[PDB]
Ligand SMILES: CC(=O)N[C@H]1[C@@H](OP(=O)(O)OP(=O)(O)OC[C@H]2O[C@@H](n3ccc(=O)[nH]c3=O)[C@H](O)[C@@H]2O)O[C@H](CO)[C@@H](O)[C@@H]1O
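One chain follows as structure tokens, the form solved without the named molecule.
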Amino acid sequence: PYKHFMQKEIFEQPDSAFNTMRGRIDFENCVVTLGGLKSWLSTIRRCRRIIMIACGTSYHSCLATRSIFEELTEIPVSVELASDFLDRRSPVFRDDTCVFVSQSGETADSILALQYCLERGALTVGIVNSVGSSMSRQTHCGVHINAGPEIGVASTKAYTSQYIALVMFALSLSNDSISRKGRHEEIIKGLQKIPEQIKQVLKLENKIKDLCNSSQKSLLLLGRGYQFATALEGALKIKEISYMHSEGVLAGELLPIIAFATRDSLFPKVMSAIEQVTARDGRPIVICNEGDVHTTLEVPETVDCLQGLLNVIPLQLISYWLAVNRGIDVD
């Protein structure tokens, strides 16, 4: 029913999303349960800093979750791209926890970093889609993102799944706080919804195809805060997928312009950023939540730290359709 293995597994995303969660997340009393680390959480809760080492899309899932990780656990969280992390030979110690987010679980510069980390005493955690990958083997432990065999060039379904995992992670770390308890369920009750919210984004597919007639070599993702990671990812996409040139940037430190203005990332600074383009007159594309010279794509409103999950879909849909329109093997 879909002409590309990239396209099916963009739509796979309602399921891939829930598979990520099934069993591990308990929605009625709110207990997330990652047996993958039942053995090491104790240690992590009490650890110096958590360092995120990842690549391509996996790097963007780290950005996208950093924010909520940190709030949820109060720990120095930081996100390092493995290629770089190596060049810089960051010092790392025994108190440190090193979380590696992989789809493949085979990425070279990751594995290198993993080794470096390992031989340097740090504790290691894999966040891997793949079964019995290298990473899987060498890590002290780590979650299996439990998505479904990814088979398109692009890390489409993988992304959102990782994102969810990463969250479930942050929750399970932080599961012994009465003060967070409120915000714990919120997110969880909201996670339950995420999968069907995914389907309702996949209806804009029609309006998105539509939008692919006025576009021409370029595109800018205009994000801030939570929806920053989404901007950069959307950017990675267009490039990686459509062999056009996108560049995600942070709203207004300052011509087809995607600008996320979902409520979770609606700053005056994003505001004036758009207001500033509307006066220039080039039609920007405004992603945001139902009921708010341009065009605007709706996305149902979720708990802000899950908001990134939805907003990225239109991004995949566009990028896919930008490569259909150019007759390119998307697989």
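Residue indices: 1-based, along the sequence shown. Residues that one form lacks are left out of the comparison. Under this definition, the rigid core comprises the largest set of C-alpha atoms superposing within 1.5 Å between the forms.
Note that the form deposited with the named molecule bound isn't included here; everything after this is about it.
Comparing 189 to 197, 85 to 93, 220 to 228, 134 to 142 against the named molecule in the bound PDB entry, the single stretch with non-hydrogen atoms within 4.5 angstroms of it is 134 to 142. For the three residues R66, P76 and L166, a heavy atom within 4.5 Å of the named molecule turns up in the bound PDB entry in no case.
Scanning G282, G291, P268, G35 against the named molecule in the bound PDB entry with a 4.5 Å heavy atom cut-off leaves one residue, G35.
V128 is the sole member of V128, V201, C98, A113 with a non-hydrogen atom lying within 4.5 angstroms of the named molecule in the bound PDB entry. Of the residues in 1 to 31, only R24 comes within 4.5 Å of the named molecule in the bound PDB entry through at least one heavy atom. Core-based superposition between this form and the one not shown shows that the consecutive residues, three or more at a time, whose C-alphas shift by 2 angstroms or more lie in one run only, 213 to 215.
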